[PDB]
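S.K.: Once you've seen the sequence and the experimental structure below, I've got questions.
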Protein chains: 4
Amino acid sequence: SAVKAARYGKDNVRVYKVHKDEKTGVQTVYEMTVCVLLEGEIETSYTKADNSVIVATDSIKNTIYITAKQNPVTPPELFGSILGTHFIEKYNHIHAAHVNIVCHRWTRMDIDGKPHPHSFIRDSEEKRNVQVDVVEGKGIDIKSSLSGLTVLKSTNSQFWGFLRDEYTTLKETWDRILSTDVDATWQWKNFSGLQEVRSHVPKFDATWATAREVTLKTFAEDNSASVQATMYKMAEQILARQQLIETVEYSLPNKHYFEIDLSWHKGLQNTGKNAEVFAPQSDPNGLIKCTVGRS
Amino acid sequence: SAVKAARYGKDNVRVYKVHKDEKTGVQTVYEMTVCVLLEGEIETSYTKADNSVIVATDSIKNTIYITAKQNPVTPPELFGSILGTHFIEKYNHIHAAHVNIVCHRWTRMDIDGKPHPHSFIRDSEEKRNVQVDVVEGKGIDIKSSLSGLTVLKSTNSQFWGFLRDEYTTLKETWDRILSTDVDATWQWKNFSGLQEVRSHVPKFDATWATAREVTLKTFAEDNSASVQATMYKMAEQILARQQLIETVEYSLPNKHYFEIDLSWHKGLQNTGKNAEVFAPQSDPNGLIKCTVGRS
Amino acid sequence: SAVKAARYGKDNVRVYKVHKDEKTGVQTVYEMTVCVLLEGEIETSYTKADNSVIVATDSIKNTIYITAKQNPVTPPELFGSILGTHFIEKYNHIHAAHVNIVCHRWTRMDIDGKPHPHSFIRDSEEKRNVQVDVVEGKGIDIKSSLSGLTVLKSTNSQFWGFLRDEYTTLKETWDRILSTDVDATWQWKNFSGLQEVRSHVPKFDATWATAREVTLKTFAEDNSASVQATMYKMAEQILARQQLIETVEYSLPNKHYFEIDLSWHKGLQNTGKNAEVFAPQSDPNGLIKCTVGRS
Amino acid sequence: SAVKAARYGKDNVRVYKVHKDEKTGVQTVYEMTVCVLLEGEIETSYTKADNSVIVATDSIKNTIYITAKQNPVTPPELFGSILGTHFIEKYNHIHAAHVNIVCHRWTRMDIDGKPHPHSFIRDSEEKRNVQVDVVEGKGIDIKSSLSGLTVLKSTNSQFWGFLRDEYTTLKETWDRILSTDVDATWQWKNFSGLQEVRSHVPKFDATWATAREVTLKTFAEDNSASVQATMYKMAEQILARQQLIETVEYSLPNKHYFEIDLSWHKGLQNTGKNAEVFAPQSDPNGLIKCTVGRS
Ligand SMILES: O=c1[nH]c(=O)c2nn[nH]c2[nH]1
Ligand SMILES: O=c1[nH]c(=O)c2nn[nH]c2[nH]1
Ligand SMILES: O=c1[nH]c(=O)c2nn[nH]c2[nH]1
Ligand SMILES: O=c1[nH]c(=O)c2nn[nH]c2[nH]1
Ligand code: NA
Ligand code: NA
Ligand code: NA
Ligand code: NA
């Protein structure tokens, strides 16, 4: 037998950082969960019990805290690139670092119409994420994403004209509820190293904001022919607005809300044009994915 | 042996309702999870296999949908009271109904600075809940709550002057992070029946809004001496603003964020006044509760 | 305003203890999650910011570890009683302690047909729990439970003869699937104090084992007329076998498995006597509760 | 813009099947959660709103039930291969099907020392899974796995001799607790089609059993030098016992249990050789992965 692939590290490292502006008294908080996995010349730890090649996962944890102390943690694309580069530069036998960061929302509270200097609310479990792969001699690959953005529209969604055969019971419809949890990932062109990532720092927050805005507006405004058609429109717009993105991937559940026929009860009308009360379905769910790139 | 207590019904009934304004084209959605448990002269279903006394749980489910079709579902205090009253009036041998409702957030989207007519976002997993107990001959008892409101302040929290003995290692502090998930319940005076609940309908949404606003403002503005002291201030204000509330109960976890001593690494200073990076603790957590009523 | 009730403490304290037999080399592990909430003359911490009455929750955490170091942690009824008694005896102004313990399964592995001395498996998320309320001058109240015991029988369950009215669509049946997650609690007679709890130590594990065995056998063997009727039979037997139990409470979801009519597809027969493939329903679910005590 | 990749289908389809032996009266149940995603000439549904190429996800759901009605559902490798093959053969424009199956445990109850004919218990949340990729013209690729197997050993684990630098605080140890949740995947050689999968049917259950047995025995018996070294030993043995496996992948969290220094309290000794009470850590956790293949 032989080791074909190996990676190891520390997962679920929770980190909080506060920035305090001494002039204005305003404080800003960041909270993240970080995972770092390393690859390199470490096969002997598996095959020969040679621990000398192992940077202990506990040390990886310490490094994450030290790195957060000495560097900005925002945008996460930059922090991830700093953290990954550290491992490949510090350890001769480590040749790749894989850094995953999930950013949790702490939104400044408005109290009596004014932004509070040091109080925050978790407004939704929507996350902003990064995956950064730093590979010695091959640069830095970054995938940025938003996830856990849950939306619903109560009309202006249709689904008709699909294939009908002996396995089909679904009725065509010209008016249905559409609800999903949005998972959207944009993949940046490969960066040569940390200097290049630093040079594009302003684009990271701006592109996240654009991806979010395009997703919300397109969902709200499209008279949707299907999840497939609406999601493609979203991806097309993101690619048009940021030339440094190579691909956009969406993964969307179709969270179904079923009509309830109540006509058995005193002829109560609750279907088609008369539908008011619906039964949300926990499972099963449609799952629709697409990766859109450039011509 | 004898049956000392029994209740049964249907849990986890998901319900969605849409309201469509034909004039303006504006749609409004409501989504809830409902549980209804019944009590009454049903002991024989347990002791003698006498199913004749059982209103099937499936029928309870149907009733929830029918009731939502024929009545407003907001405020939830009213819907719960209608639903509970139905069971005690319809079935001679059912003498109490216990209705729990969890309301999920669907907040209207703003697209380009204007409210969208039919698109919604789940902004946080904060819930608005009701517990309604309808007991034949004893009226309607309603407990309203908010839950899952997660907040953090990065300064203006202290904790010193507590008991110190041979079990104590905790250092006194004059500046710490305070974070919690708020669970707040207000209990209404007993209502004689549905007519009285209807007469107070406007107070339900207003009191929820007040409870939320008082919670947020007090948390943000109090230079907190302890969770105990800050939570009491919240409860006192709610009772002062709504005379029809008898008690307010808060249940608050103290979600700890620990300093990380990095001084072992190149004398790095990250404690006390120099603390910037902290480790959020998933467990254990403090848990502090209080019920505040009138003199 | 006035404080009507208050309690506070530490939740989610994870504890592991190992016992090592030096003679045989056999090791035995215990893992628990513990919550301790205190009550007493602590109102001033809420109303006057008087922290002098507060035993810090951090100290409560330390006490749990120290107590586990110096005492047996099994049976949990005994450990809970020791832990609760500590607080009411040590602190003059603390008058009640409420201790909740969840015991996690670590079952010794059998390797090649023999019990391994120091290797364990988590066989299911079934828990054994205790709630112990120690109240100064009123003794020790203990409720023991098992929870998370998930079972299914594929036949020998019926449900017919229930009330039928204009809200009813459920068909009567003489053969259905019955599946539930068992939550069963037995409440002990009040104990005068720790000496009395110690005197009954052997009864705690034996009664847990009996409750489990009665639950499983009754479920498997009863040709069930309803959840109500089968659960009553379980409770009756437990009360008959342990005279020191005052009441038994069961709380049982009815986890539904629906027939799927496939007759639209080539006349495929999959209902009634021909039913082979079913759709498990995640929600809603029936919820049936009963508390059984002595004549 | 262009569609680079697309797949869509139905997720979270819960399925139960019962087998009834008329001769013996013995019933056997199977419960699974199934996901099927399709690929093929479907780009126009995304780019042109052309739904004619879409096999509706609802139809995919129906197909899963129909297929389970007409075929054995065990071993899951066979059922997955039947289900995937169906889609590529039935629809000219569908060229790949991706089938994921999670099998839930329903273990026959022993009542009074004998196997019960129709009563079952969920003994642990351990799962047996399959991923089957059926690609037109490229055969059938199957990855089989077990997951959610949670184990702990209280001694006979060591970790010393790792890299020490200015980021390291971890002490070397010759005796620690080792606990993990096992995720193990074995990848079969490519099969030419359904006939070949059928020819190997007996190997699927046998290899699952072997993988499980090797995992448990190796964990229990290895005086472990690291997670890396123990996991490699497991993978090596599986590859030796089944020649039709090409690779074995393990992904193992290192779930830490920390010593608690109690020496501040009356000189209590609870570290090193005296350690009895430990604090399980929910996070962070080590994560160690390896893929082992043939020379
Ligand atoms: O088994 C281990 N492997 C590792 O890589 C490691 N790092 N810290 N502790 C550890 N234990
Ligand atoms: O066992 C049952 N008890 C009930 O009360 C019920 N209601 N619907 N189905 C049911 N099954
Ligand atoms: O606000 C607090 N209240 C308490 O009771 C406590 N105990 N430890 N830390 C604490 N913080
Ligand atoms: O938008 C949809 N896309 C689909 O592929 C589908 N299949 N069923 N319903 C559906 N809705
Ligand atoms: Na390197
Ligand atoms: Na009545
Ligand atoms: Na006392
Ligand atoms: Na095909």
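M.R.: Received the coordinates, thanks. Numbers count the residues shown, from 1 in each chain, chains lettered A, B, ... in the order given. Ligands and ions are numbered 1, 2, ... in the order given.

S.K.: Near the residue of chain A found nearest ligand 8, how many other residues are there?
M.R.: Closest contact between chain A and ligand 8, by C-beta to the ion, is at residue A:163 (13.0 Å). Every C-beta, even on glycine, is put in place using the N, C-alpha and C of the backbone. By other C-beta atoms under 10 Å in any protein chain shown, 15 other residues sit near residue A:163.

S.K.: gap between it and residue D:55?
M.R.: 5 Å (C-beta to C-beta, to the nearest Å).

S.K.: Please, where are all the strands along chain A?
M.R.: A:2-20, A:27-40, A:94-104, A:107-111, A:114-121, A:127-135, A:139-153, A:178-188, A:245-254, A:257-259, A:277-280, A:285-293 (DSSP state E).

S.K.: Tabulate these (TSV), appending distance to residue A:270.
M.R.: Formatted as TSV, these follow (distance: least, C-beta to C-beta, whole Å):
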stretch	distance to residue A:270
strand A:2-20	46
strand A:27-40	44
strand A:94-104	40
strand A:107-111	39
strand A:114-121	38
strand A:127-135	37
strand A:139-153	19
strand A:178-188	19
strand A:245-254	22
strand A:257-259	7
strand A:277-280	6
strand A:285-293	23
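
S.K.: Around chain C, pick out the residues from chain A.
M.R.: Proximity of chain A to chain C (C-beta under 8 Å from any C-beta of the partner chain) is limited to residues A:166, A:167, A:169, A:264, A:265, A:266, A:282, A:283.

S.K.: Please name the residues that touch the closest residue to ligand 3 within the stretch 51-200 of chain A.
M.R.: Closest residue of the stretch 51-200 of chain A to ligand 3, C-beta to the nearest ligand atom: residue A:119 (16.4 Å). Taking C-beta atoms under 8 Å, 6 or more residues apart in numbering or on different chains as the criterion, residue A:119 is in contact with A:108, A:109, A:111, B:151, B:152, B:153, B:219, B:220.

S.K.: and the closest residue to it other than its chain neighbours, what is it in contact with?
M.R.: Nearest residue to residue A:119 in three dimensions, chain neighbours excluded: residue B:220, at 3.8 Å (C-beta to C-beta, 6 or more residues apart in numbering or on different chains). Listed by C-beta under 8 Å, 6+ apart, the contact partners of residue B:220 are A:109, A:111, A:116, A:119, B:153.

S.K.: Can you say which of these are buried?
M.R.: A:109, A:111, A:116, A:119, B:153 (16 or more other C-beta atoms under 10 Å in any protein chain shown).

S.K.: which two from these end up farthest apart in space?
M.R.: A:111 and B:153 (11.3 Å; C-beta to C-beta).

S.K.: how about the contacts of residue B:220 in JSON lines, adding distance to residue C:130?
M.R.: Output for those, formatted as JSON lines (distance: C-beta to C-beta, whole Å):
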{"residue": "A:109", "distance to residue C:130": "41"}
{"residue": "A:111", "distance to residue C:130": "44"}
{"residue": "A:116", "distance to residue C:130": "43"}
{"residue": "A:119", "distance to residue C:130": "39"}
{"residue": "B:153", "distance to residue C:130": "36"}
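
S.K.: For residue D:99, state which of the residues you listed is nearest.
M.R.: Of the contacts of residue B:220, the one sitting nearest to residue D:99 (C-beta to C-beta) turns out to be residue A:109, at 47.6 Å.

S.K.: and the closest residue to residue A:156 other than its chain neighbours, how many neighbours does it have?
M.R.: In this structure, residue A:156 finds its nearest non-sequential neighbour in residue A:223, 4.9 Å apart by C-beta to C-beta, 6+ apart. Using other C-beta under 10 Å, residue A:223 has 10 other residues around it.

S.K.: Quick check: residue A:223 vs ligand 3, distance?
M.R.: 53 Å (C-beta to the nearest ligand atom, to the nearest Å).

S.K.: Tell me who's in contact with the closest residue to ligand 1 within the stretch 151-295 of chain A.
M.R.: Nearest residue of the stretch 151-295 of chain A to ligand 1, counting by C-beta to the nearest ligand atom: residue A:194, 26.4 Å away. Each residue near residue A:194 by C-beta under 8 Å, 6+ apart is listed here: A:81, A:82, A:85, A:140.

S.K.: next one: residue A:95
M.R.: Per C-beta under 8 Å, 6+ apart, neighbours of residue A:95: A:39, A:40, A:41, A:88, A:135, A:136.

S.K.: tell me which parts of the stretch 51-200 of chain A are close to chain B?
M.R.: A:62, A:65-66, A:68-70, A:106, A:109, A:111-112, A:116, A:118-125, A:149-156, A:177.

S.K.: do that again at 6 Å, thanks
M.R.: A:65-66, A:68-69, A:109, A:111, A:116, A:118-125, A:150-155 (C-beta under 6 Å from any C-beta of the partner chain).

S.K.: Show the buried residues in those residues.
M.R.: A:65-66, A:68-69, A:109, A:111, A:116, A:118-122, A:124-125, A:150-155.

S.K.: Please report how far residue A:285 lies from residue C:208.
M.R.: 40 Å.

S.K.: List, one by one, the residues from chain A near ligand 5.
M.R.: A:88, A:94 (C-beta under 5 Å from the ion).

S.K.: What's opposite the residue lying closest to residue A:5 once chain neighbours are set aside in the beta bridge?
M.R.: The shortest distance from residue A:5 to any non-neighbouring residue, by C-beta to C-beta, 6+ apart, is to residue D:291 (4.2 Å). Counting by DSSP bridges, residue D:291 is bridged to residue A:5, residue D:249.

S.K.: Residue D:291 contacts residue A:6, correct?
M.R.: No - Residue D:291 lies out of contact with residue A:6 (C-beta atoms under 6 Å); the separation is 7.2 Å.

S.K.: Pick out whichever of the two has more residues nearby.
M.R.: residue A:6 (21 against 18).

S.K.: can you pull the contacts of the more buried one?
M.R.: residue D:290 (C-beta atoms under 6 Å, 6 or more residues apart in numbering or on different chains).

S.K.: same question, residue A:124
M.R.: B:123, B:124.

S.K.: gap between it and residue A:107?
M.R.: From residue A:124 over to residue A:107 (counting by C-beta to C-beta), the distance is 9 Å.

S.K.: before we move on, what about residue A:164?
M.R.: Residue A:164 is 47 Å from residue A:107, by C-beta to C-beta.

S.K.: Residue A:214 - nearest residue in space that isn't next to it in sequence?
M.R.: That would be residue A:237: by C-beta to C-beta, 6+ apart, it lies 4.7 Å from residue A:214.

S.K.: oh, I was asking about residue A:125
M.R.: residue A:148 is the one closest to residue A:125 (C-beta to C-beta, 6+ apart), at 5.0 Å.

S.K.: And residue A:143, by the same measure?
M.R.: Nearest to residue A:143 is residue A:131, by C-beta to C-beta, 6+ apart, at 4.5 Å.
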